[PDB]
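# Breakdown of the fold
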Protein chains: 2
Amino acid sequence: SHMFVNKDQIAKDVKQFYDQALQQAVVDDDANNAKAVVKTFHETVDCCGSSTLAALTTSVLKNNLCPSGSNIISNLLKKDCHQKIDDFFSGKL
Amino acid sequence: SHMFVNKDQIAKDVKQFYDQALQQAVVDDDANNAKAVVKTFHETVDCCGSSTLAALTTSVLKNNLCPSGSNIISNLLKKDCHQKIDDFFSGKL
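About the cut-offs
- Residues numbered from 1 in each chain as written, not as in the entry; some residues may be left out.
- Chains lettered and ligands numbered in written order.
- Heavy atoms only, no water.
- Helix = DSSP H or I, 4+ residues; strand = E, 2+ residues; numbered from the N terminus.
- Rg over C-alpha atoms; globule rule 2.2 N^0.38 Å.
- Buried < 20%, exposed > 50% of the residue type's maximum accessible area, 1.4 Å probe, protein only.
- Areas by Shrake-Rupley, 256 points an atom, 1.4 Å probe, with all protein chains shown as cover.
- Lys, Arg positive; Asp, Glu negative; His and termini not counted.
- Charge placed at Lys NZ, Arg CZ, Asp CG, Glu CD.
- Salt bridge = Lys/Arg side-chain N within 4 Å of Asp/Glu carboxyl O.
- Axes fitted to C-alpha atoms, helices over the stretch in contact; angles between N-to-C directions.
- Parallel < 35°, antiparallel > 145°, perpendicular 65-115°, else oblique.
- Left-handed = near helix turned anticlockwise from the far one by under 90°.
- Contact = heavy atoms within 4.5 Å.
- Buried area = accessible area lost by both parts, 1.4 Å probe.
- Polar contact = N/O pair within 3.5 Å; in protein donor to acceptor, adjacent residues only side chain to side chain.
- Disulfide = S-S within 2.5 Å.

## Looking at the overall build of chain A
- Within chain A one finds four helices and one strand.
- Along chain A, helices and strands appear, N-terminal first, in the series β-α-α-α-α.
- By the compact-globule yardstick of 12 Å for 93 residues, chain A fits well, its C-alpha radius of gyration being 14 Å.
- Taken along the three principal axes of its C-alpha coordinates, chain A extends 45 × 30 × 20 Å.
- Classification of the 93 residues of chain A by burial places 37% in the buried group.
- Put simply, chain A shows about 5,600 Å² of open surface, and 57% of that area lies on carbon and sulfur atoms.
- Once the 10 positive and 11 negative side-chain charges of chain A are each reduced to a mean point, those two points are 6 Å apart.

Right, here's the structure in full:
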């Protein structure tokens, strides 16, 4: 039950999973569960794309895998998916 | 970074979130992100339905929100979504 954890490592592991999903979504039109996973995560947490993978975020945005009304300009003022994950494990609230 | 956590409570919170999504998916054909969230979680972790909400698991199964080939009979021998969440925070491996 009660246990010692490193939240920074957990944030890293989550971002790594996200990034794996993201790179499968952008590239493979056969990988529709990867696209599904990414689009529903994006929609649900309201984020679009990555820090580690910023140049690839352009693709998901064009394949309509980010939230509706999500565009290059509106995104400028929004936290990306890595920022949101980090802030959640930070508990920055 | 390093911090004391109750993993049983985290498992509870995750199952509660799942259950909220599940009850929105079964009922509301207007709630397509809830259906999306449930179907992609199911597909990704390979589980179908709940412990707390067993009588409602029948609905998602018929609306095709569980993995392909997932049926009432095959499901008998598979962990449901609550069991899988619990076992993951247990680290039962």
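## Details of unusual backbone geometry
- The phi angle at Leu93(A) is positive, at roughly 45°, despite the residue not being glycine.
- Within the fold, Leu93(A) resides in the segment after helix 4 (81-90).
- A relative accessible area of 100% means that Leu93(A) is categorised as exposed.
- Even without a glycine there, the phi angle at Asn64(B) is positive, about 65°.

## Details of the pattern of salt bridges
Residues and elements named next belong to chain B.
- Counting across every chain of the model gives eight salt bridges over all chains.
- One salt bridge in this structure joins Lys 15 and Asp 86, with 3.0 Å as the shortest N-O distance. With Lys 15 in helix 1 (residues 7-27) and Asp 86 in helix 4 (residues 81-90), the pair connects residues that are 71 residues apart, well separated along the chain.
- Measuring nitrogen to oxygen at the nearest pair gives 3.5 Å for the salt bridge that ties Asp 29 to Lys 35.
- Judged by its relative accessible area of 54%, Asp 29 falls in the exposed class.
- Residue classification places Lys 35 among the buried positions, given a relative accessible area of 11%.

## Structural notes on the packing of helix 1 of chain B against helix 2 (residues 32-45) of chain B
Residues and elements named next belong to chain B.
- Here helix 1 crosses helix 2 at 120°, and the two axes come no closer than 8 Å. Classed by the angle they form, the pair helix 1 and helix 2 counts as oblique. Classified by chirality, the crossing of helix 2 by helix 1 is left-handed. Residues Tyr 18, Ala 21, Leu 22, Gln 24 and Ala 25 of helix 1 pack against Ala 34, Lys 35, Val 37, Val 38, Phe 41 and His 42 of helix 2.

## Quick look at the interface of chain A and chain B
- Chain A puts 14 residues into the contact, and the matching count from chain B is 14 residues.
- Summed over both sides, the interface between chain A and chain B buries roughly 1,400 Å², with carbon and sulfur atoms accounting for 62% of that surface.
- When the buried area of chain A at its contact with chain B is split by residue, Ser1(A), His2(A) and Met3(A) rank highest and sum to 31% of it.
- On inspection of chain A and its partner chain B, the count reaches zero salt bridges.
- Where chain A packs against chain B, one counts seven residue pairs in polar contact.
- Only strand 1 (2-6), helix 1 (7-27) and helix 2 (32-45) of chain A provide two or more residues apiece to the side of chain A that touches chain B.

## A closer look at the state of the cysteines
Residues and elements named next belong to chain A.
- By the definition in use, this model includes four disulfides over all chains.
- The disulfide bridge from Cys 47 ends at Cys 81, spanning 2.0 Å between sulfur atoms. The sign of the 95° torsion about the S-S bond sets the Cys 47-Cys 81 disulfide as right-handed. Of the two residues, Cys 47 is situated in the loop between helix 2 and helix 3 (57-62) and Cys 81 in helix 4; the sequence distance between them amounts to 34 residues. You'll find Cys 47 and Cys 81 in the same group, each marked buried.
- Numbered by position along the chain, the disulfide-linked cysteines of chain A connect as 1-4, 2-3.

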